[PDB]
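Have a look at the structure below, then the notes.
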Amino acid sequence: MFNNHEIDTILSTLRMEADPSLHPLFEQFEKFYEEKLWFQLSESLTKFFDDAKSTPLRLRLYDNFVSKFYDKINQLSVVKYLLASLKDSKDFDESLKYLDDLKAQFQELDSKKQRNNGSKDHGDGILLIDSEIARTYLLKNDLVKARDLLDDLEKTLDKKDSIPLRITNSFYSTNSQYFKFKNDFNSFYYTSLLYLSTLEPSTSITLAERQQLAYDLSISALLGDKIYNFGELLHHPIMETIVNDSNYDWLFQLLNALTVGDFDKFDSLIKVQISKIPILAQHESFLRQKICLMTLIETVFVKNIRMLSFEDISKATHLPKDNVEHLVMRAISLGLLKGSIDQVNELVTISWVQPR
């Protein structure tokens, strides 16, 4: 019987420990547990979880109450109740052992349970709790183990298992916890290309989420110190979603000009949108380089060039003969060609080009 046993003890104690405001809600909690209605009990417990009021009660609740029926209820509902109470502790190692032990219980409590059709379904609960262990690691549990686990989990973002988008999006937070566009934008653009590979029709995302992903990828390319090929980005189907909002149409036309060497359109957007935005202003002198670099690379590719002259490069860049070689020396430094400058003759011996 629940009377004179753990459950009566828990209801009694937690009602005393609780704020008076919580008392009427816990009548439904008591009832639905006694009725064996774990799901209605979870709605009642979710209505408690929805408020910061008395959050620590949920730790005892998890340990001594939810643990009796967590096999039936949704894995993320279960971990959310523990998460709020264990986050209140401001600790990053008990949280590790708790999420690992909880996850491992579900790894043995289930084999064909909570599945779409008693099938080899996605582990669309503990796959995200695995990310929560990783976030907890990256939250300075131990930096060496965290960095090693980050590298191993990055090597696990592949079709080695039937990973859904949600685990990758969850681990993408853990990558963002370690590296950002502020550290390097070319890297963050390539990190964003990972997320594109996982994008498919999923409840996780919308057309608006695609618009935000396209826009953030666009900033990452624009400000990418070593990116040059904006064309493959600008043509990619994900960049069609933003054409159905166009709030940033000026960015995509600045990008378009920067994809074709249209100095006049470039200058016209540069005269306005740079001044309005400090992040873009910090890169203005890179963008004017990027247009010159790409204009020449297109010229080299389309005209299959092997020899060019500083005066003709000066036409194609609007940089004076006295400095124009430093521009193509940046291109050589980007590694997108194997040519060499012949400064003695004010010539260049161009060789090869990276198309993408």
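We label chains A, B, ... in the order they appear in the structure tokens, count residues from 1 in each chain, and number ligands from 1 in the order shown.
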
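Using only C-alpha atoms, the protein and nucleic acid residues lying no more than 10 Å from residue 164 (chain A), apart from those fewer than 6 places from it along its own chain, are residues 122, 123, 124, 127, 198, 199, 200, 202 and 204 of chain A.
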
Exercise for review: Write down as an NGL selection string the residues belonging to region 20-218 of chain A that are assigned helix (DSSP H, G or I) by DSSP computed on the backbone.
Suggested key: :A and (20-22 or 25-34 or 38-49 or 57-64 or 66-68 or 75-87 or 94-109 or 126-138 or 143-154 or 165-176 or 185-198 or 207-218)

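Restricting the calculation to only C-alpha atoms, the smallest distance between residue 263 (chain A) and any of A:3, A:282, A:295, A:275 is found for A:295.
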
Could you list, as a compact mmCIF listing (two decimals) with C-alpha atoms, in the first residue's frame, every residue within 8 Å of residue 26 (chain A), counting only C-alpha atoms and ignoring same-chain residues fewer than 3 positions away?
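Saved the output as part.txt:
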```
# COMPACT_ATOMS: atom_id res chain seq x y z
CA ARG A 15 3.84 19.35 0.61
CA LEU A 22 1.82 24.37 -5.04
CA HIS A 23 -0.59 22.53 -2.67
CA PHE A 29 -0.34 14.46 -8.84
CA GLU A 30 -1.34 12.24 -5.85
CA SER A 44 0.59 17.50 -13.37
```

Exercise for review: May I have all residues of region 121-343 of chain A that DSSP, computed from the backbone, assigns to strand (DSSP E or B), given as JSON, numbers by chain?
Suggested key: {"A": [308, 309, 340, 341, 342]}

Please produce an output containing N, CA and C atoms for each residue in the selection, written as a compact mmCIF listing (two decimals), in the first residue's frame.
```txt
# COMPACT_ATOMS: atom_id res chain seq x y z
N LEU A 308 49.67 36.67 -66.78
CA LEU A 308 48.93 37.93 -66.63
C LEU A 308 49.93 39.04 -66.28
N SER A 309 49.51 40.30 -66.35
CA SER A 309 50.39 41.45 -66.18
C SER A 309 49.78 42.41 -65.16
N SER A 340 52.98 31.81 -59.36
CA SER A 340 54.02 32.62 -58.74
C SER A 340 54.08 33.98 -59.43
N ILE A 341 54.41 35.02 -58.67
CA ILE A 341 54.55 36.38 -59.16
C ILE A 341 55.93 36.50 -59.81
N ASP A 342 56.06 37.35 -60.83
CA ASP A 342 57.29 37.64 -61.56
C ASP A 342 57.50 39.15 -61.53
```

Using only C-alpha atoms, determine which residues lie at most 10 Å from residue 213 (chain A), disregarding the query and same-chain residues fewer than 5 positions distant; provide the list as an mmCIF file with N, CA and C atoms, in the first residue's frame.
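In the end it all went to around.cif:
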```cif
data_model
loop_
_atom_site.group_PDB
_atom_site.id
_atom_site.type_symbol
_atom_site.label_atom_id
_atom_site.label_comp_id
_atom_site.auth_asym_id
_atom_site.auth_seq_id
_atom_site.Cartn_x
_atom_site.Cartn_y
_atom_site.Cartn_z
ATOM 1 N N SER A 192 28.466 24.925 -40.114
ATOM 2 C CA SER A 192 27.104 25.097 -40.609
ATOM 3 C C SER A 192 26.802 24.165 -41.791
ATOM 4 N N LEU A 193 27.770 23.880 -42.676
ATOM 5 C CA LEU A 193 27.580 22.903 -43.752
ATOM 6 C C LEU A 193 27.267 21.509 -43.198
ATOM 7 N N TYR A 195 25.399 20.907 -40.511
ATOM 8 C CA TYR A 195 23.983 20.986 -40.179
ATOM 9 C C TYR A 195 23.111 20.896 -41.443
ATOM 10 N N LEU A 196 23.595 21.378 -42.596
ATOM 11 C CA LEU A 196 22.836 21.272 -43.838
ATOM 12 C C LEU A 196 22.696 19.807 -44.240
ATOM 13 N N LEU A 207 10.401 26.150 -42.263
ATOM 14 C CA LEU A 207 10.986 26.975 -43.319
ATOM 15 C C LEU A 207 11.681 28.195 -42.700
ATOM 16 N N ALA A 208 11.167 28.740 -41.590
ATOM 17 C CA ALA A 208 11.805 29.860 -40.904
ATOM 18 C C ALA A 208 13.170 29.449 -40.341
ATOM 19 N N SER A 218 25.329 32.601 -44.514
ATOM 20 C CA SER A 218 25.680 33.714 -45.384
ATOM 21 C C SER A 218 26.620 34.696 -44.689
ATOM 22 N N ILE A 238 19.038 25.606 -50.052
ATOM 23 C CA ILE A 238 18.714 26.188 -48.746
ATOM 24 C C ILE A 238 18.564 27.720 -48.871
ATOM 25 N N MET A 239 19.386 28.357 -49.714
ATOM 26 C CA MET A 239 19.333 29.785 -50.011
ATOM 27 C C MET A 239 18.098 30.175 -50.838
ATOM 28 N N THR A 241 15.065 29.523 -49.523
ATOM 29 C CA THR A 241 14.085 29.752 -48.468
ATOM 30 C C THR A 241 14.021 31.238 -48.100
ATOM 31 N N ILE A 242 15.167 31.920 -48.065
ATOM 32 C CA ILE A 242 15.287 33.337 -47.711
ATOM 33 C C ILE A 242 14.633 34.246 -48.752
#
```

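Residues in contact with region 89-105 of chain A at up to 9 Å, not including ones fewer than 3 positions away on its chain and judged by only C-alpha atoms, are residues 56, 71, 75, 79, 82, 83, 85, 86, 108, 109, 110, 126, 127, 129, 130, 132, 133, 134, 136, 137, 139, 140 and 141 of chain A.
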
Residues from last step as file, N, CA, C and O atoms, as a short mmCIF file (atom, residue, chain, number, x, y, z; two decimals), in the first residue's frame:
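Output saved as selection.cif:
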```cif
data_model
loop_
_atom_site.label_atom_id
_atom_site.label_comp_id
_atom_site.auth_asym_id
_atom_site.auth_seq_id
_atom_site.Cartn_x
_atom_site.Cartn_y
_atom_site.Cartn_z
N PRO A 56 14.02 22.43 -6.29
CA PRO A 56 14.70 21.34 -5.59
C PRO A 56 13.85 20.15 -5.15
O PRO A 56 14.40 19.05 -5.05
N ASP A 71 10.10 4.08 -16.78
CA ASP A 71 10.07 3.12 -17.87
C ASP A 71 8.92 3.38 -18.86
O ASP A 71 9.03 3.03 -20.04
N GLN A 75 11.04 9.89 -22.06
CA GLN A 75 12.40 9.99 -21.53
C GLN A 75 12.81 11.44 -21.30
O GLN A 75 13.42 11.75 -20.28
N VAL A 79 13.84 13.27 -17.85
CA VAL A 79 15.08 13.97 -17.61
C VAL A 79 14.82 15.45 -17.35
O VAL A 79 15.51 16.01 -16.52
N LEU A 82 14.46 16.07 -13.56
CA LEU A 82 15.76 15.95 -12.91
C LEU A 82 16.65 17.13 -13.28
O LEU A 82 17.31 17.70 -12.43
N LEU A 83 16.64 17.53 -14.55
CA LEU A 83 17.45 18.62 -15.07
C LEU A 83 17.16 19.88 -14.27
O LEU A 83 18.11 20.51 -13.83
N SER A 85 15.97 20.36 -11.20
CA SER A 85 16.40 20.27 -9.82
C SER A 85 17.91 20.14 -9.71
O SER A 85 18.50 20.69 -8.78
N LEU A 86 18.57 19.46 -10.65
CA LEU A 86 20.00 19.22 -10.59
C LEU A 86 20.78 20.40 -11.17
O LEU A 86 21.90 20.65 -10.74
N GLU A 108 18.80 -0.37 -20.72
CA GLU A 108 18.52 -1.76 -20.34
C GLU A 108 17.03 -2.01 -20.09
O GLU A 108 16.55 -3.12 -20.31
N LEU A 109 16.30 -0.98 -19.67
CA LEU A 109 14.85 -1.01 -19.50
C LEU A 109 14.12 -1.14 -20.84
O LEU A 109 12.98 -1.60 -20.87
N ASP A 110 14.77 -0.77 -21.96
CA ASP A 110 14.19 -0.80 -23.30
C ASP A 110 15.05 -1.63 -24.25
O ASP A 110 16.29 -1.58 -24.20
N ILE A 126 17.15 9.33 -25.29
CA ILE A 126 18.52 9.15 -24.79
C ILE A 126 19.62 9.58 -25.77
O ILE A 126 20.70 9.94 -25.30
N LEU A 127 19.36 9.66 -27.08
CA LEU A 127 20.32 10.28 -27.99
C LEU A 127 20.53 11.76 -27.65
O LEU A 127 21.62 12.28 -27.87
N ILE A 129 19.89 12.98 -24.43
CA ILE A 129 20.47 12.90 -23.09
C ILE A 129 21.98 12.66 -23.22
O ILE A 129 22.75 13.20 -22.43
N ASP A 130 22.43 11.93 -24.24
CA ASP A 130 23.85 11.78 -24.55
C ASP A 130 24.49 13.14 -24.87
O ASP A 130 25.58 13.44 -24.38
N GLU A 132 23.30 15.91 -23.60
CA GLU A 132 23.27 16.58 -22.31
C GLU A 132 24.47 16.19 -21.43
O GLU A 132 25.05 17.05 -20.76
N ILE A 133 24.90 14.93 -21.49
CA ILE A 133 26.15 14.50 -20.87
C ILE A 133 27.31 15.28 -21.51
O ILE A 133 28.16 15.80 -20.79
N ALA A 134 27.34 15.40 -22.84
CA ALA A 134 28.40 16.12 -23.53
C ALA A 134 28.42 17.61 -23.15
O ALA A 134 29.49 18.13 -22.83
N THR A 136 27.40 18.85 -20.33
CA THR A 136 27.88 18.83 -18.95
C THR A 136 29.40 18.63 -18.92
O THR A 136 30.08 19.28 -18.13
N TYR A 137 29.96 17.78 -19.80
CA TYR A 137 31.40 17.61 -19.90
C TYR A 137 32.08 18.92 -20.31
O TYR A 137 33.00 19.37 -19.62
N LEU A 139 31.05 21.84 -19.99
CA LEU A 139 30.89 22.76 -18.87
C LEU A 139 31.92 22.46 -17.77
O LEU A 139 31.59 22.32 -16.59
N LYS A 140 33.19 22.36 -18.17
CA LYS A 140 34.38 22.21 -17.32
C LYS A 140 34.27 21.06 -16.32
O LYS A 140 34.72 21.21 -15.18
N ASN A 141 33.69 19.91 -16.71
CA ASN A 141 33.77 18.71 -15.86
C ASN A 141 35.23 18.30 -15.71
O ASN A 141 35.74 18.16 -14.60
#
```

Point to revise | CA of residue 185 (chain A) to CA of residue 212 (chain A), straight-line distance in Å | key: 16.2 Å
